[PDB]
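Trainee: What follows is run.pdb; its format and atoms are PDB, N, CA and C atoms.
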ATOM      1  N   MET U   1       0.840  -1.227   0.000  1.00  0.00           N
ATOM      2  CA  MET U   1       0.000   0.000   0.000  1.00  0.00           C
ATOM      3  C   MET U   1       0.861   1.258   0.000  1.00  0.00           C
ATOM      4  N   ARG U   2       1.014   1.864  -1.173  1.00  0.00           N
ATOM      5  CA  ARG U   2       1.815   3.075  -1.309  1.00  0.00           C
ATOM      6  C   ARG U   2       0.964   4.320  -1.077  1.00  0.00           C
ATOM      7  N   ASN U   3       1.611   5.481  -1.080  1.00  0.00           N
ATOM      8  CA  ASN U   3       0.916   6.745  -0.872  1.00  0.00           C
ATOM      9  C   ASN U   3       1.131   7.684  -2.054  1.00  0.00           C
ATOM     10  N   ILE U   4       0.038   8.227  -2.579  1.00  0.00           N
ATOM     11  CA  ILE U   4       0.108   9.139  -3.713  1.00  0.00           C
ATOM     12  C   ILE U   4      -0.009  10.591  -3.260  1.00  0.00           C
ATOM     13  N   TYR U   5       0.682  11.482  -3.966  1.00  0.00           N
ATOM     14  CA  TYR U   5       0.655  12.904  -3.640  1.00  0.00           C
ATOM     15  C   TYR U   5       0.251  13.733  -4.853  1.00  0.00           C
ATOM     16  N   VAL U   6      -0.888  14.411  -4.749  1.00  0.00           N
ATOM     17  CA  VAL U   6      -1.386  15.241  -5.839  1.00  0.00           C
ATOM     18  C   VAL U   6      -1.543  16.692  -5.397  1.00  0.00           C
ATOM     19  N   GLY U   7      -1.070  17.613  -6.232  1.00  0.00           N
ATOM     20  CA  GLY U   7      -1.167  19.026  -5.911  1.00  0.00           C
ATOM     21  C   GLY U   7      -2.008  19.791  -6.914  1.00  0.00           C
ATOM     22  N   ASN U   8      -1.960  21.117  -6.835  1.00  0.00           N
ATOM     23  CA  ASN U   8      -2.723  21.964  -7.743  1.00  0.00           C
ATOM     24  C   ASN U   8      -4.219  21.687  -7.618  1.00  0.00           C
ATOM     25  N   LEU U   9      -4.653  21.348  -6.409  1.00  0.00           N
ATOM     26  CA  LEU U   9      -6.059  21.057  -6.155  1.00  0.00           C
ATOM     27  C   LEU U   9      -6.826  22.330  -5.814  1.00  0.00           C
ATOM     28  N   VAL U  10      -8.014  22.471  -6.394  1.00  0.00           N
ATOM     29  CA  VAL U  10      -8.849  23.641  -6.154  1.00  0.00           C
ATOM     30  C   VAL U  10     -10.028  23.289  -5.244  1.00  0.00           C
ATOM     31  N   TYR U  11     -10.864  24.280  -4.941  1.00  0.00           N
ATOM     32  CA  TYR U  11     -12.028  24.069  -4.079  1.00  0.00           C
ATOM     33  C   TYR U  11     -12.796  22.814  -4.488  1.00  0.00           C
ATOM     34  N   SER U  12     -13.158  22.740  -5.765  1.00  0.00           N
ATOM     35  CA  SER U  12     -13.894  21.594  -6.288  1.00  0.00           C
ATOM     36  C   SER U  12     -13.492  21.314  -7.732  1.00  0.00           C
ATOM     37  N   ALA U  13     -12.253  20.872  -7.918  1.00  0.00           N
ATOM     38  CA  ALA U  13     -11.738  20.572  -9.249  1.00  0.00           C
ATOM     39  C   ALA U  13     -12.262  19.233  -9.758  1.00  0.00           C
ATOM     40  N   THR U  14     -11.696  18.145  -9.243  1.00  0.00           N
ATOM     41  CA  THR U  14     -12.105  16.806  -9.655  1.00  0.00           C
ATOM     42  C   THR U  14     -11.631  15.738  -8.670  1.00  0.00           C
ATOM     43  N   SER U  15     -10.582  16.041  -7.906  1.00  0.00           N
ATOM     44  CA  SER U  15     -10.042  15.092  -6.936  1.00  0.00           C
ATOM     45  C   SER U  15     -11.148  14.467  -6.091  1.00  0.00           C
ATOM     46  N   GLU U  16     -11.908  15.307  -5.400  1.00  0.00           N
ATOM     47  CA  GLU U  16     -13.002  14.827  -4.565  1.00  0.00           C
ATOM     48  C   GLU U  16     -14.115  14.226  -5.421  1.00  0.00           C
ATOM     49  N   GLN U  17     -14.048  14.467  -6.728  1.00  0.00           N
ATOM     50  CA  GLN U  17     -15.047  13.951  -7.656  1.00  0.00           C
ATOM     51  C   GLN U  17     -14.643  12.580  -8.195  1.00  0.00           C
ATOM     52  N   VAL U  18     -13.337  12.348  -8.289  1.00  0.00           N
ATOM     53  CA  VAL U  18     -12.818  11.084  -8.800  1.00  0.00           C
ATOM     54  C   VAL U  18     -12.676  10.042  -7.694  1.00  0.00           C
ATOM     55  N   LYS U  19     -12.513  10.503  -6.456  1.00  0.00           N
ATOM     56  CA  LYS U  19     -12.361   9.598  -5.318  1.00  0.00           C
ATOM     57  C   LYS U  19     -13.470   8.546  -5.297  1.00  0.00           C
ATOM     58  N   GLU U  20     -14.619   8.889  -5.871  1.00  0.00           N
ATOM     59  CA  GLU U  20     -15.751   7.972  -5.918  1.00  0.00           C
ATOM     60  C   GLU U  20     -15.522   6.882  -6.959  1.00  0.00           C
ATOM     61  N   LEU U  21     -14.856   7.244  -8.051  1.00  0.00           N
ATOM     62  CA  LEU U  21     -14.570   6.297  -9.123  1.00  0.00           C
ATOM     63  C   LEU U  21     -13.240   5.589  -8.886  1.00  0.00           C
ATOM     64  N   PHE U  22     -12.317   6.282  -8.227  1.00  0.00           N
ATOM     65  CA  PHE U  22     -11.001   5.720  -7.934  1.00  0.00           C
ATOM     66  C   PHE U  22     -11.122   4.432  -7.122  1.00  0.00           C
ATOM     67  N   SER U  23     -12.253   4.263  -6.444  1.00  0.00           N
ATOM     68  CA  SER U  23     -12.486   3.076  -5.629  1.00  0.00           C
ATOM     69  C   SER U  23     -12.979   1.909  -6.482  1.00  0.00           C
ATOM     70  N   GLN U  24     -13.585   2.226  -7.623  1.00  0.00           N
ATOM     71  CA  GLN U  24     -14.105   1.201  -8.521  1.00  0.00           C
ATOM     72  C   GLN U  24     -13.019   0.691  -9.465  1.00  0.00           C
ATOM     73  N   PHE U  25     -12.026   1.532  -9.736  1.00  0.00           N
ATOM     74  CA  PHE U  25     -10.933   1.159 -10.628  1.00  0.00           C
ATOM     75  C   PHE U  25      -9.619   1.019  -9.864  1.00  0.00           C
ATOM     76  N   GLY U  26      -9.483   1.775  -8.780  1.00  0.00           N
ATOM     77  CA  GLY U  26      -8.268   1.719  -7.986  1.00  0.00           C
ATOM     78  C   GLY U  26      -8.498   1.143  -6.603  1.00  0.00           C
ATOM     79  N   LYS U  27      -9.719   1.286  -6.097  1.00  0.00           N
ATOM     80  CA  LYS U  27     -10.064   0.776  -4.774  1.00  0.00           C
ATOM     81  C   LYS U  27      -9.263   1.494  -3.690  1.00  0.00           C
ATOM     82  N   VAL U  28      -9.286   2.824  -3.727  1.00  0.00           N
ATOM     83  CA  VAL U  28      -8.564   3.631  -2.749  1.00  0.00           C
ATOM     84  C   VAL U  28      -8.957   3.255  -1.323  1.00  0.00           C
ATOM     85  N   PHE U  29      -7.961   3.133  -0.453  1.00  0.00           N
ATOM     86  CA  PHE U  29      -8.201   2.778   0.940  1.00  0.00           C
ATOM     87  C   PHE U  29      -8.386   4.027   1.796  1.00  0.00           C
ATOM     88  N   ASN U  30      -7.550   5.032   1.555  1.00  0.00           N
ATOM     89  CA  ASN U  30      -7.622   6.281   2.305  1.00  0.00           C
ATOM     90  C   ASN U  30      -7.423   7.482   1.385  1.00  0.00           C
ATOM     91  N   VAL U  31      -8.382   8.403   1.407  1.00  0.00           N
ATOM     92  CA  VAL U  31      -8.313   9.598   0.577  1.00  0.00           C
ATOM     93  C   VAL U  31      -8.713  10.839   1.370  1.00  0.00           C
ATOM     94  N   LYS U  32      -7.804  11.805   1.448  1.00  0.00           N
ATOM     95  CA  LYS U  32      -8.064  13.041   2.177  1.00  0.00           C
ATOM     96  C   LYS U  32      -7.538  14.249   1.411  1.00  0.00           C
ATOM     97  N   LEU U  33      -7.743  15.436   1.974  1.00  0.00           N
ATOM     98  CA  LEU U  33      -7.291  16.671   1.345  1.00  0.00           C
ATOM     99  C   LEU U  33      -6.852  17.686   2.396  1.00  0.00           C
ATOM    100  N   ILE U  34      -6.300  18.804   1.934  1.00  0.00           N
ATOM    101  CA  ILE U  34      -5.838  19.855   2.833  1.00  0.00           C
ATOM    102  C   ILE U  34      -6.722  21.093   2.732  1.00  0.00           C
ATOM    103  N   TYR U  35      -6.403  22.110   3.526  1.00  0.00           N
ATOM    104  CA  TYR U  35      -7.170  23.351   3.526  1.00  0.00           C
ATOM    105  C   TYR U  35      -6.281  24.544   3.187  1.00  0.00           C
ATOM    106  N   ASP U  36      -6.902  25.707   3.021  1.00  0.00           N
ATOM    107  CA  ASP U  36      -6.169  26.927   2.695  1.00  0.00           C
ATOM    108  C   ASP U  36      -5.342  27.414   3.884  1.00  0.00           C
ATOM    109  N   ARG U  37      -5.578  26.828   5.056  1.00  0.00           N
ATOM    110  CA  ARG U  37      -4.853  27.211   6.265  1.00  0.00           C
ATOM    111  C   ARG U  37      -5.216  28.631   6.688  1.00  0.00           C
ATOM    112  N   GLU U  38      -6.463  29.015   6.437  1.00  0.00           N
ATOM    113  CA  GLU U  38      -6.942  30.347   6.794  1.00  0.00           C
ATOM    114  C   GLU U  38      -8.465  30.411   6.736  1.00  0.00           C
ATOM    115  N   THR U  39      -9.039  29.822   5.690  1.00  0.00           N
ATOM    116  CA  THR U  39     -10.489  29.810   5.520  1.00  0.00           C
ATOM    117  C   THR U  39     -11.060  28.405   5.711  1.00  0.00           C
ATOM    118  N   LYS U  40     -10.184  27.432   5.961  1.00  0.00           N
ATOM    119  CA  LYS U  40     -10.611  26.051   6.160  1.00  0.00           C
ATOM    120  C   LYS U  40     -11.265  25.498   4.899  1.00  0.00           C
ATOM    121  N   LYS U  41     -10.788  25.952   3.744  1.00  0.00           N
ATOM    122  CA  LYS U  41     -11.324  25.503   2.464  1.00  0.00           C
ATOM    123  C   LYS U  41     -10.285  24.686   1.697  1.00  0.00           C
ATOM    124  N   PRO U  42     -10.736  23.700   0.901  1.00  0.00           N
ATOM    125  CA  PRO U  42      -9.837  22.849   0.114  1.00  0.00           C
ATOM    126  C   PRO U  42      -9.119  23.627  -0.984  1.00  0.00           C
ATOM    127  N   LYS U  43      -7.804  23.758  -0.847  1.00  0.00           N
ATOM    128  CA  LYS U  43      -7.002  24.479  -1.828  1.00  0.00           C
ATOM    129  C   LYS U  43      -5.513  24.277  -1.567  1.00  0.00           C
ATOM    130  N   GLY U  44      -4.859  23.520  -2.444  1.00  0.00           N
ATOM    131  CA  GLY U  44      -3.439  23.264  -2.289  1.00  0.00           C
ATOM    132  C   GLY U  44      -3.025  21.924  -2.864  1.00  0.00           C
ATOM    133  N   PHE U  45      -3.417  20.846  -2.191  1.00  0.00           N
ATOM    134  CA  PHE U  45      -3.080  19.501  -2.641  1.00  0.00           C
ATOM    135  C   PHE U  45      -3.926  18.457  -1.920  1.00  0.00           C
ATOM    136  N   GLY U  46      -3.716  17.191  -2.267  1.00  0.00           N
ATOM    137  CA  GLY U  46      -4.466  16.116  -1.644  1.00  0.00           C
ATOM    138  C   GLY U  46      -3.627  14.872  -1.426  1.00  0.00           C
ATOM    139  N   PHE U  47      -4.260  13.811  -0.940  1.00  0.00           N
ATOM    140  CA  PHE U  47      -3.564  12.555  -0.686  1.00  0.00           C
ATOM    141  C   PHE U  47      -4.432  11.362  -1.075  1.00  0.00           C
ATOM    142  N   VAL U  48      -3.785  10.242  -1.381  1.00  0.00           N
ATOM    143  CA  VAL U  48      -4.498   9.030  -1.769  1.00  0.00           C
ATOM    144  C   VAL U  48      -3.703   7.784  -1.395  1.00  0.00           C
ATOM    145  N   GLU U  49      -4.372   6.833  -0.752  1.00  0.00           N
ATOM    146  CA  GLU U  49      -3.730   5.591  -0.337  1.00  0.00           C
ATOM    147  C   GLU U  49      -4.255   4.410  -1.146  1.00  0.00           C
ATOM    148  N   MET U  50      -3.368   3.785  -1.913  1.00  0.00           N
ATOM    149  CA  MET U  50      -3.742   2.641  -2.737  1.00  0.00           C
ATOM    150  C   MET U  50      -2.629   1.597  -2.757  1.00  0.00           C
ATOM    151  N   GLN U  51      -2.945   0.414  -3.271  1.00  0.00           N
ATOM    152  CA  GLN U  51      -1.973  -0.671  -3.349  1.00  0.00           C
ATOM    153  C   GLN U  51      -0.770  -0.264  -4.196  1.00  0.00           C
ATOM    154  N   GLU U  52       0.187  -1.176  -4.334  1.00  0.00           N
ATOM    155  CA  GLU U  52       1.389  -0.912  -5.118  1.00  0.00           C
ATOM    156  C   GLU U  52       1.247  -1.456  -6.536  1.00  0.00           C
ATOM    157  N   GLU U  53       0.037  -1.382  -7.077  1.00  0.00           N
ATOM    158  CA  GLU U  53      -0.230  -1.866  -8.426  1.00  0.00           C
ATOM    159  C   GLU U  53      -0.830  -0.763  -9.292  1.00  0.00           C
ATOM    160  N   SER U  54      -1.740   0.011  -8.709  1.00  0.00           N
ATOM    161  CA  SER U  54      -2.392   1.100  -9.428  1.00  0.00           C
ATOM    162  C   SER U  54      -1.583   2.390  -9.325  1.00  0.00           C
ATOM    163  N   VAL U  55      -0.779   2.504  -8.272  1.00  0.00           N
ATOM    164  CA  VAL U  55       0.040   3.692  -8.063  1.00  0.00           C
ATOM    165  C   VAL U  55       1.097   3.836  -9.156  1.00  0.00           C
ATOM    166  N   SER U  56       1.524   2.711  -9.716  1.00  0.00           N
ATOM    167  CA  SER U  56       2.534   2.718 -10.769  1.00  0.00           C
ATOM    168  C   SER U  56       2.010   3.403 -12.029  1.00  0.00           C
ATOM    169  N   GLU U  57       0.802   3.033 -12.439  1.00  0.00           N
ATOM    170  CA  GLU U  57       0.189   3.608 -13.631  1.00  0.00           C
ATOM    171  C   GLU U  57      -0.632   4.847 -13.288  1.00  0.00           C
ATOM    172  N   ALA U  58      -1.096   4.922 -12.043  1.00  0.00           N
ATOM    173  CA  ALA U  58      -1.900   6.052 -11.589  1.00  0.00           C
ATOM    174  C   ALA U  58      -1.238   7.382 -11.929  1.00  0.00           C
ATOM    175  N   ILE U  59       0.061   7.478 -11.671  1.00  0.00           N
ATOM    176  CA  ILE U  59       0.814   8.696 -11.950  1.00  0.00           C
ATOM    177  C   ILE U  59       1.400   8.665 -13.361  1.00  0.00           C
ATOM    178  N   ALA U  60       1.665   7.460 -13.850  1.00  0.00           N
ATOM    179  CA  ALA U  60       2.244   7.269 -15.175  1.00  0.00           C
ATOM    180  C   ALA U  60       1.466   7.999 -16.270  1.00  0.00           C
ATOM    181  N   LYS U  61       0.187   7.669 -16.409  1.00  0.00           N
ATOM    182  CA  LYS U  61      -0.648   8.274 -17.444  1.00  0.00           C
ATOM    183  C   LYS U  61      -1.351   9.540 -16.961  1.00  0.00           C
ATOM    184  N   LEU U  62      -1.336   9.784 -15.657  1.00  0.00           N
ATOM    185  CA  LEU U  62      -1.999  10.962 -15.109  1.00  0.00           C
ATOM    186  C   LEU U  62      -1.062  12.165 -15.047  1.00  0.00           C
ATOM    187  N   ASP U  63      -0.147  12.152 -14.083  1.00  0.00           N
ATOM    188  CA  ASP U  63       0.798  13.251 -13.905  1.00  0.00           C
ATOM    189  C   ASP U  63       1.430  13.671 -15.232  1.00  0.00           C
ATOM    190  N   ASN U  64       1.451  14.978 -15.479  1.00  0.00           N
ATOM    191  CA  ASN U  64       2.024  15.521 -16.705  1.00  0.00           C
ATOM    192  C   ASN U  64       1.914  17.042 -16.726  1.00  0.00           C
ATOM    193  N   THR U  65       0.685  17.538 -16.822  1.00  0.00           N
ATOM    194  CA  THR U  65       0.441  18.976 -16.849  1.00  0.00           C
ATOM    195  C   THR U  65      -0.737  19.341 -15.949  1.00  0.00           C
ATOM    196  N   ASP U  66      -1.226  20.569 -16.090  1.00  0.00           N
ATOM    197  CA  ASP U  66      -2.352  21.039 -15.291  1.00  0.00           C
ATOM    198  C   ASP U  66      -3.615  21.144 -16.139  1.00  0.00           C
ATOM    199  N   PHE U  67      -4.581  20.273 -15.864  1.00  0.00           N
ATOM    200  CA  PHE U  67      -5.838  20.267 -16.604  1.00  0.00           C
ATOM    201  C   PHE U  67      -7.031  20.261 -15.653  1.00  0.00           C
ATOM    202  N   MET U  68      -8.213  19.991 -16.196  1.00  0.00           N
ATOM    203  CA  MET U  68      -9.433  19.955 -15.397  1.00  0.00           C
ATOM    204  C   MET U  68      -9.644  18.572 -14.788  1.00  0.00           C
ATOM    205  N   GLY U  69      -8.650  18.102 -14.042  1.00  0.00           N
ATOM    206  CA  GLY U  69      -8.746  16.799 -13.414  1.00  0.00           C
ATOM    207  C   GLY U  69      -8.472  15.666 -14.384  1.00  0.00           C
ATOM    208  N   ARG U  70      -7.593  15.916 -15.349  1.00  0.00           N
ATOM    209  CA  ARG U  70      -7.245  14.909 -16.343  1.00  0.00           C
ATOM    210  C   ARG U  70      -5.820  14.404 -16.134  1.00  0.00           C
ATOM    211  N   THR U  71      -4.964  15.264 -15.591  1.00  0.00           N
ATOM    212  CA  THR U  71      -3.573  14.901 -15.339  1.00  0.00           C
ATOM    213  C   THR U  71      -3.111  15.419 -13.979  1.00  0.00           C
ATOM    214  N   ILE U  72      -3.059  16.740 -13.835  1.00  0.00           N
ATOM    215  CA  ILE U  72      -2.631  17.354 -12.585  1.00  0.00           C
ATOM    216  C   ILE U  72      -1.211  16.931 -12.227  1.00  0.00           C
ATOM    217  N   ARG U  73      -0.557  17.715 -11.378  1.00  0.00           N
ATOM    218  CA  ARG U  73       0.807  17.415 -10.960  1.00  0.00           C
ATOM    219  C   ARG U  73       0.810  16.409  -9.814  1.00  0.00           C
ATOM    220  N   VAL U  74       0.618  15.138 -10.149  1.00  0.00           N
ATOM    221  CA  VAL U  74       0.597  14.079  -9.148  1.00  0.00           C
ATOM    222  C   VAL U  74       1.916  13.315  -9.124  1.00  0.00           C
ATOM    223  N   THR U  75       2.236  12.730  -7.974  1.00  0.00           N
ATOM    224  CA  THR U  75       3.471  11.970  -7.821  1.00  0.00           C
ATOM    225  C   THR U  75       3.471  11.188  -6.512  1.00  0.00           C
ATOM    226  N   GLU U  76       4.340  10.185  -6.430  1.00  0.00           N
ATOM    227  CA  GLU U  76       4.443   9.357  -5.234  1.00  0.00           C
ATOM    228  C   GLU U  76       4.846  10.195  -4.025  1.00  0.00           C
ATOM    229  N   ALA U  77       4.111  10.035  -2.929  1.00  0.00           N
ATOM    230  CA  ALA U  77       4.392  10.776  -1.705  1.00  0.00           C
ATOM    231  C   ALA U  77       5.761  10.409  -1.144  1.00  0.00           C
TER
END
What's the structure tokens form of this structure?
Mentor:
Amino acid sequence: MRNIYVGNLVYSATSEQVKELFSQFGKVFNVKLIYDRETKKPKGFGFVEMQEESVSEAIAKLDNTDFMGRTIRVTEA
């Protein structure tokens, strides 16, 4: 069970939207996010806990550039 690190997360980009599907294709065990550290709002980055099988490709085809929840700057924690 590795840990994934994704940044460039907005109030409601897609991270919290994909977490629902990530369980059907990735079966995420633990998924959380951070806050602005001032307004208690989601803005900065997030986290994801998954096995050591989906994490390999999870960032492979995902991480690259900044899009509308299509790639984002993700990487192994």
Trainee: Which of these, U:77, U:34, U:72, U:13, has the shortest distance to residue 55 in chain U once you count only C-alpha atoms?
Mentor: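 Closest to residue 55 in chain U of all the choices is U:77.
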Trainee: Could you work out how far CA of residue 67 in chain U lies from CA of residue 48 in chain U, giving the answer in Å with one decimal?
Mentor: 18.7 Å
Trainee: Using all atoms listed in the file, pick whichever of U:70, U:32, U:61, U:43 has the shortest atom-to-atom distance to residue 8 in chain U.
Mentor: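 Of U:70, U:32, U:61, U:43, the one nearest residue 8 in chain U, counting all atoms listed in the file, is U:43.
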Trainee: List every residue of chain U that DSSP, applied to the backbone of this structure, places in strand (DSSP E), and write the result as a PyMOL selection string.
Mentor: chain U and resi 2-9+30-33+44-50+74-76
Trainee: What would the file look like if the residues just selected were written as a PDB file, in the coordinates of the input with N, CA and C atoms?
Mentor:
ATOM      1  N   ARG U   2       1.014   1.864  -1.173  1.00  0.00           N
ATOM      2  CA  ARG U   2       1.815   3.075  -1.309  1.00  0.00           C
ATOM      3  C   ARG U   2       0.964   4.320  -1.077  1.00  0.00           C
ATOM      4  N   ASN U   3       1.611   5.481  -1.080  1.00  0.00           N
ATOM      5  CA  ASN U   3       0.916   6.745  -0.872  1.00  0.00           C
ATOM      6  C   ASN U   3       1.131   7.684  -2.054  1.00  0.00           C
ATOM      7  N   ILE U   4       0.038   8.227  -2.579  1.00  0.00           N
ATOM      8  CA  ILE U   4       0.108   9.139  -3.713  1.00  0.00           C
ATOM      9  C   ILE U   4      -0.009  10.591  -3.260  1.00  0.00           C
ATOM     10  N   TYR U   5       0.682  11.482  -3.966  1.00  0.00           N
ATOM     11  CA  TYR U   5       0.655  12.904  -3.640  1.00  0.00           C
ATOM     12  C   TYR U   5       0.251  13.733  -4.853  1.00  0.00           C
ATOM     13  N   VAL U   6      -0.888  14.411  -4.749  1.00  0.00           N
ATOM     14  CA  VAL U   6      -1.386  15.241  -5.839  1.00  0.00           C
ATOM     15  C   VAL U   6      -1.543  16.692  -5.397  1.00  0.00           C
ATOM     16  N   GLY U   7      -1.070  17.613  -6.232  1.00  0.00           N
ATOM     17  CA  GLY U   7      -1.167  19.026  -5.911  1.00  0.00           C
ATOM     18  C   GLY U   7      -2.008  19.791  -6.914  1.00  0.00           C
ATOM     19  N   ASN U   8      -1.960  21.117  -6.835  1.00  0.00           N
ATOM     20  CA  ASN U   8      -2.723  21.964  -7.743  1.00  0.00           C
ATOM     21  C   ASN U   8      -4.219  21.687  -7.618  1.00  0.00           C
ATOM     22  N   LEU U   9      -4.653  21.348  -6.409  1.00  0.00           N
ATOM     23  CA  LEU U   9      -6.059  21.057  -6.155  1.00  0.00           C
ATOM     24  C   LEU U   9      -6.826  22.330  -5.814  1.00  0.00           C
ATOM     25  N   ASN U  30      -7.550   5.032   1.555  1.00  0.00           N
ATOM     26  CA  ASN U  30      -7.622   6.281   2.305  1.00  0.00           C
ATOM     27  C   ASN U  30      -7.423   7.482   1.385  1.00  0.00           C
ATOM     28  N   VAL U  31      -8.382   8.403   1.407  1.00  0.00           N
ATOM     29  CA  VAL U  31      -8.313   9.598   0.577  1.00  0.00           C
ATOM     30  C   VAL U  31      -8.713  10.839   1.370  1.00  0.00           C
ATOM     31  N   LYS U  32      -7.804  11.805   1.448  1.00  0.00           N
ATOM     32  CA  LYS U  32      -8.064  13.041   2.177  1.00  0.00           C
ATOM     33  C   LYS U  32      -7.538  14.249   1.411  1.00  0.00           C
ATOM     34  N   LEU U  33      -7.743  15.436   1.974  1.00  0.00           N
ATOM     35  CA  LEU U  33      -7.291  16.671   1.345  1.00  0.00           C
ATOM     36  C   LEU U  33      -6.852  17.686   2.396  1.00  0.00           C
ATOM     37  N   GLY U  44      -4.859  23.520  -2.444  1.00  0.00           N
ATOM     38  CA  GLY U  44      -3.439  23.264  -2.289  1.00  0.00           C
ATOM     39  C   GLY U  44      -3.025  21.924  -2.864  1.00  0.00           C
ATOM     40  N   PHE U  45      -3.417  20.846  -2.191  1.00  0.00           N
ATOM     41  CA  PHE U  45      -3.080  19.501  -2.641  1.00  0.00           C
ATOM     42  C   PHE U  45      -3.926  18.457  -1.920  1.00  0.00           C
ATOM     43  N   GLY U  46      -3.716  17.191  -2.267  1.00  0.00           N
ATOM     44  CA  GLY U  46      -4.466  16.116  -1.644  1.00  0.00           C
ATOM     45  C   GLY U  46      -3.627  14.872  -1.426  1.00  0.00           C
ATOM     46  N   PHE U  47      -4.260  13.811  -0.940  1.00  0.00           N
ATOM     47  CA  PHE U  47      -3.564  12.555  -0.686  1.00  0.00           C
ATOM     48  C   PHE U  47      -4.432  11.362  -1.075  1.00  0.00           C
ATOM     49  N   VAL U  48      -3.785  10.242  -1.381  1.00  0.00           N
ATOM     50  CA  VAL U  48      -4.498   9.030  -1.769  1.00  0.00           C
ATOM     51  C   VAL U  48      -3.703   7.784  -1.395  1.00  0.00           C
ATOM     52  N   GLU U  49      -4.372   6.833  -0.752  1.00  0.00           N
ATOM     53  CA  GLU U  49      -3.730   5.591  -0.337  1.00  0.00           C
ATOM     54  C   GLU U  49      -4.255   4.410  -1.146  1.00  0.00           C
ATOM     55  N   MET U  50      -3.368   3.785  -1.913  1.00  0.00           N
ATOM     56  CA  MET U  50      -3.742   2.641  -2.737  1.00  0.00           C
ATOM     57  C   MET U  50      -2.629   1.597  -2.757  1.00  0.00           C
ATOM     58  N   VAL U  74       0.618  15.138 -10.149  1.00  0.00           N
ATOM     59  CA  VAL U  74       0.597  14.079  -9.148  1.00  0.00           C
ATOM     60  C   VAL U  74       1.916  13.315  -9.124  1.00  0.00           C
ATOM     61  N   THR U  75       2.236  12.730  -7.974  1.00  0.00           N
ATOM     62  CA  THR U  75       3.471  11.970  -7.821  1.00  0.00           C
ATOM     63  C   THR U  75       3.471  11.188  -6.512  1.00  0.00           C
ATOM     64  N   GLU U  76       4.340  10.185  -6.430  1.00  0.00           N
ATOM     65  CA  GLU U  76       4.443   9.357  -5.234  1.00  0.00           C
ATOM     66  C   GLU U  76       4.846  10.195  -4.025  1.00  0.00           C
TER      67      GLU U  76
END
Trainee: Of the candidates U:24, U:47, U:75, U:7, which shows the shortest atom-to-atom distance to residue 59 in chain U, using all atoms listed in the file?
Mentor: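 Smallest separation from residue 59 in chain U among the options: U:75.
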Trainee: Point out the residue among U:25, U:57, U:73, U:64 with the least atom-to-atom distance to residue 9 in chain U, counting all atoms listed in the file.
Mentor: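 Closest to residue 9 in chain U of all the choices is U:73.
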Trainee: Need to verify the contact set: residue 29 in chain U, 7 Å, all atoms listed in the file, exclusion of same-chain residues closer than 4 positions in sequence. Can you return it as a ChimeraX atom specification?
Mentor: /U:23,48-51
Trainee: Please produce a file of those selected residues containing N, CA and C atoms, as a short mmCIF file (atom, residue, chain, number, x, y, z; two decimals), keeping the file's coordinate frame.
Mentor:
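To be explicit, this is the file written out as out_3.cif:
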data_model
loop_
_atom_site.label_atom_id
_atom_site.label_comp_id
_atom_site.auth_asym_id
_atom_site.auth_seq_id
_atom_site.Cartn_x
_atom_site.Cartn_y
_atom_site.Cartn_z
N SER U 23 -12.25 4.26 -6.44
CA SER U 23 -12.49 3.08 -5.63
C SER U 23 -12.98 1.91 -6.48
N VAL U 48 -3.78 10.24 -1.38
CA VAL U 48 -4.50 9.03 -1.77
C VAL U 48 -3.70 7.78 -1.40
N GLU U 49 -4.37 6.83 -0.75
CA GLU U 49 -3.73 5.59 -0.34
C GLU U 49 -4.26 4.41 -1.15
N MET U 50 -3.37 3.78 -1.91
CA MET U 50 -3.74 2.64 -2.74
C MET U 50 -2.63 1.60 -2.76
N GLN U 51 -2.94 0.41 -3.27
CA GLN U 51 -1.97 -0.67 -3.35
C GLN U 51 -0.77 -0.26 -4.20
#
Trainee: What is the CA of residue 52 in chain U-atom N of residue 12 in chain U distance in Å, reported with one decimal?
Mentor: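 Rounded to one decimal, the two atoms are 27.8 Å apart.
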Trainee: I'd like the neighbourhood of range 40-42 of chain U as a ChimeraX atom specification, where a residue qualifies if any of its atoms comes within 7 Å (using all atoms listed in the file), though same-chain residues fewer than 2 positions away should be ignored.
Mentor: /U:9-12,33-38,44-45
Trainee: Can you list, as a compact mmCIF listing (two decimals) with N, CA and C atoms, in the frame of the given file, every residue of chain U that DSSP puts in helix (DSSP H, G or I)?
Mentor:
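Output saved as part.txt:
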# COMPACT_ATOMS: atom_id res chain seq x y z
N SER U 15 -10.58 16.04 -7.91
CA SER U 15 -10.04 15.09 -6.94
C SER U 15 -11.15 14.47 -6.09
N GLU U 16 -11.91 15.31 -5.40
CA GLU U 16 -13.00 14.83 -4.57
C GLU U 16 -14.12 14.23 -5.42
N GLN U 17 -14.05 14.47 -6.73
CA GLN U 17 -15.05 13.95 -7.66
C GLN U 17 -14.64 12.58 -8.20
N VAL U 18 -13.34 12.35 -8.29
CA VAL U 18 -12.82 11.08 -8.80
C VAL U 18 -12.68 10.04 -7.69
N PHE U 22 -12.32 6.28 -8.23
CA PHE U 22 -11.00 5.72 -7.93
C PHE U 22 -11.12 4.43 -7.12
N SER U 23 -12.25 4.26 -6.44
CA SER U 23 -12.49 3.08 -5.63
C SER U 23 -12.98 1.91 -6.48
N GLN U 24 -13.58 2.23 -7.62
CA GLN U 24 -14.10 1.20 -8.52
C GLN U 24 -13.02 0.69 -9.46
N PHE U 25 -12.03 1.53 -9.74
CA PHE U 25 -10.93 1.16 -10.63
C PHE U 25 -9.62 1.02 -9.86
N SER U 54 -1.74 0.01 -8.71
CA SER U 54 -2.39 1.10 -9.43
C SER U 54 -1.58 2.39 -9.32
N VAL U 55 -0.78 2.50 -8.27
CA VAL U 55 0.04 3.69 -8.06
C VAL U 55 1.10 3.84 -9.16
N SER U 56 1.52 2.71 -9.72
CA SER U 56 2.53 2.72 -10.77
C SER U 56 2.01 3.40 -12.03
N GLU U 57 0.80 3.03 -12.44
CA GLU U 57 0.19 3.61 -13.63
C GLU U 57 -0.63 4.85 -13.29
N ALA U 58 -1.10 4.92 -12.04
CA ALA U 58 -1.90 6.05 -11.59
C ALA U 58 -1.24 7.38 -11.93
N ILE U 59 0.06 7.48 -11.67
CA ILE U 59 0.81 8.70 -11.95
C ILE U 59 1.40 8.66 -13.36
N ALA U 60 1.66 7.46 -13.85
CA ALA U 60 2.24 7.27 -15.18
C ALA U 60 1.47 8.00 -16.27
